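The chain below stands alone and is given in structure tokens; this is the form deposited without this ligand.
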């Protein structure tokens, strides 16, 4: 078994914590702790390869960049969570990547861009725009929904692929 430190990122309400709680507890946060260091780790099998998945759930921009260096430096990969309905996410998701290149000290970093909230009926950022970043960054683009729970794990699994490749 291998330990995969999955460092999740988010502007706050993009669904970062929603994807984690789903991939771990599998449910919609109705009264869970408001952001904490109590990271989680689930055991799965990537293409017939049993390995551990330690998904770290950080805070949503609550003044703690100092710790961001401790996690990012210890994270095997990064997952960019953006809301198709919230254009704000697409904004922070851009600068967010720049933070990784700094810590990792290299443009080549294993990460994935997921589009949470793919169930809502009021999307602002079309797949085209979301693809621009994934195509410009050279990373995969997956769509999921914490509410309906569609291809949720599909987004996480993709991360393991990027890492393994590197």
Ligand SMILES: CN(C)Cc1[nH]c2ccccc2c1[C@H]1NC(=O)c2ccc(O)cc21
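Positions refer to the first chain, counted from 1.
This protein has a second form, the form solved in complex with this ligand, left out of what is shown; the following refers to that one.
Shown alone here, residue 39 lies within 4.5 Å of this ligand in the deposited bound form, counting heavy atoms only.
At a distance threshold of 4.5 angstroms between non-hydrogen atoms, residue 159 is out of contact with this ligand in the deposited bound form. Contact check for residue 70: a non-hydrogen atom falls within 4.5 Å of this ligand in the deposited bound form. Proximity of residue 130 to this ligand in the deposited bound form: non-hydrogen atoms within 4.5 Å are absent; the residue sits far from the partner. Contacts to this ligand in the deposited bound form (heavy atom within 4.5 Å) from stretch 2-17: 5, 6, 7.
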